[PDB]
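We begin with a single chain expressed as structure tokens, specifically the form deposited in one PDB entry.
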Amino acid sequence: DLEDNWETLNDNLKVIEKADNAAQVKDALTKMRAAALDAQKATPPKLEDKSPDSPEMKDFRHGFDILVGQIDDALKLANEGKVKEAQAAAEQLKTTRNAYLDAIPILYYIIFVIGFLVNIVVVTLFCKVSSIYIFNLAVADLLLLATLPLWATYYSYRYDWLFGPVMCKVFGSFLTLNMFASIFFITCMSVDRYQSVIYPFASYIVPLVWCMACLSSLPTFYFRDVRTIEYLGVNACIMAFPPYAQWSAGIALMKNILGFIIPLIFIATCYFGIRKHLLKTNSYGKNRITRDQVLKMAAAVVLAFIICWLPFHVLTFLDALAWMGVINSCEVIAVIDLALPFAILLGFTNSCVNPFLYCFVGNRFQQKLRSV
């Protein structure tokens, strides 16, 4: 009965988008208004045991009054003969449809000190072109790990910003600038290792990698601000999008493409580009033992990237579909929310892995390649 009224509201929503005349739009909105009023009186199979006078059955009923109110606004535009305006008011209904632990701080700090220690070891031992990318990656990793105490304290006050709205934009962007600079230098490292594997034959690339990181962190500086979430009654540092569902889905999609898809394309093309070349050699003696060892070092950098960043990017794509209206079951939406800070920690863990993948096995890679 509840799935039968929401199917009607979601069916006609698609109709409004594919409609060309205002008579088509008014017809779908009339079928919606009736279904919204008919759904307002029904009890869902999740709250079928619940009482009608409960505070849960005070706000969820109020939610429909908002939905009917938004349908009437769209109806007023359609009756005036305003297709583009009534179709725009229908996009606001999508946003209404979507609206319908001590271990975490300890874990943020334990990986902070470790990551700072292993990366301060890289900067000091370094103190070649490949070695110039190691320094920059170690610097970008060090600055990213340095922001961990801030997010640990932010979570200790259960999502509360007490540092200022300027710090929300400044430290918010600084986080994104170094996260991308770390990802984009991992890519440089994979392209260089591939270039050396094929042919044994950098003051422009390093400033470009920082410029691309500055550009990719501009929506972070444009949207991040201290806001009051009326739902929880708290002051949080969030992406203050204009009146919102479209922007959250669009930005979630940009996080995956620039931060995982495009980088992983490169990491994977370089690994299989190194695997194909070293397989065409056909080694038999101790060279078969040597080629396998080189291949293991090539396999490690691509496998460590997907172990550290795939859990978070999977959660981000699932969240994007929620704002689109694909996934609507609140039970599944709650799981994404709970798992999110553990997925965010794996991203920071990649900075602890990096010294072992490139610097600590740097000399070994070149010596075993010049051998085969």
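All residue numbers refer to positions in the sequence shown, first residue = 1. Take the two forms, find the largest set of C-alpha atoms that superpose within 1.5 Å, and that set is the rigid core.
Heads up, the form deposited in another entry isn't pictured, but that's what we're talking about next.
Rigid core superposed between this form and the one not shown, residues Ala86, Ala181, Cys237, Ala138 considered: the one with a C-alpha shift of 2 Å or more is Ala86. Put the two forms on the same core and the Cα of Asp72 is off by 2 Å or more between this form and the one not shown. With the core held fixed between this form and the one not shown, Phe60 has its Cα displaced by at least 2 Å. If you fit the rigid core between this form and the one not shown, you'll see the Cα of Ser51 move by 2 angstroms or more. Shown here is a form in which the CA atoms of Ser329 and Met57 lie at least 3 Å farther apart than they do in that other deposited form. Put simply, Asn10 and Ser329 spread apart in that other deposited form: their C-alpha atoms are 3 Å or more farther than in the form shown.
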